[PDB]
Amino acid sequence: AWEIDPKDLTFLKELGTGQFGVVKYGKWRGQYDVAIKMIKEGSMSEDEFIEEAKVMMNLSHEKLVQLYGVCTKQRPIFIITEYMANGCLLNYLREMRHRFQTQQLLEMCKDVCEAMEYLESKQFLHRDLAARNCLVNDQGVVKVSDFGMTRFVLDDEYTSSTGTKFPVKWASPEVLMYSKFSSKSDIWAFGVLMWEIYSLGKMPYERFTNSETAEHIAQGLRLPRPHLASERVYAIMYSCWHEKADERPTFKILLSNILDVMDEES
């Protein structure tokens, strides 16, 4: 069912390397485009992922990268997903920087917010939402990728908030202080992602070290307004950064806000 026969996979092109190793573009039964994570030995806690894949198979939204299945009668496993031709949102922004109208930037934000509203409705946390974890297809559509996958990482520099790889600059204060994850820490990260989009892929808090960033946000300081963002757009991303998690809006509310502004600005 979810179990895919690796004999049905053709490996066509390498797409790069991530936290779990090499990812390739290929075909399933020679016809259907797919992306295949060829999990690297030692990079993932595969046993727990295989069980959690049973839940994740039921997460289906047009703005979520779709899990197609898993090859588990072999080790290490393969994770098969929808293919996104334009790759990482972060690189897409940086390459297409002067080619985007502001209306286009807001629709990208909307795409991600739709995905996250769906995950929120399923009480499913992303845990590492950022432009680097969003992909872009051949329609210029942004989809959210590798939601929930932080759980399975075997890399202390990534999983520890004091590690060199921990996504400090997307983390809400309660994540950094107490490792308290919730849909409200995903909301905080989404605000930073909106900032990345409107900054055409600039690194947030680029001048700061992770510890300087943690101190900065603890004191109530935030990110500045990218000039391509109107005050209406900036208000949306800024609302994501309330000190108190329970005062942050839900993705349902954010989506409504984004659609309001899309009407107003075009």
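The first residue of the sequence shown is number 1, and the count goes up from there.
Enquirer: When the C-alpha temperature factors are averaged for each of 189-197 and 95-103, which stretch ends up with the higher value in the entry?
Expert: Higher mean C-alpha B-factor in the PDB entry: 95-103.
Enquirer: Looking at the entry, does 29-37 or 233-241 show the higher mean C-alpha B-factor?
Expert: Higher mean C-alpha B-factor in the PDB entry: 29-37.
Enquirer: Identify, among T164, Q139, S145, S121, the residue whose C-alpha carries the highest B-factor in the deposited PDB entry.
Expert: Highest CA B-factor of the listed options: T164.
Enquirer: Highest recorded C-alpha temperature factor, please, choosing from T159, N133, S172, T81.
Expert: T159 has the highest C-alpha B-factor of those listed.
Enquirer: Using only modelled residues of the chain, where does the Cα B factor of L223 rank: lowest third, middle third or highest third?
Expert: As the PDB entry reports it, the C-alpha B-factor of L223 lands in the lowest third of its chain.
Enquirer: Based on the deposited C-alpha B factors for this chain, I'd like to know if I77 is in the lowest, middle or highest third.
Expert: CA B-factor rank for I77: middle third.
Enquirer: Thinking about Cα B factors across the chain, which third does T10 belong to?
Expert: Highest third - that is where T10 ends up once the chain's C-alpha B-factors are sorted.
Enquirer: What third of its chain, lowest, middle or highest, does the C-alpha temperature factor of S182 fall into?
Expert: Ranked within chain, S182 CA B lands in the middle tercile.
Enquirer: Could you look up the Cα B-factor of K202 in the entry and say which third of the chain it sits in: lowest, middle or highest?
Expert: Middle third of the chain for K202's C-alpha B-factor.
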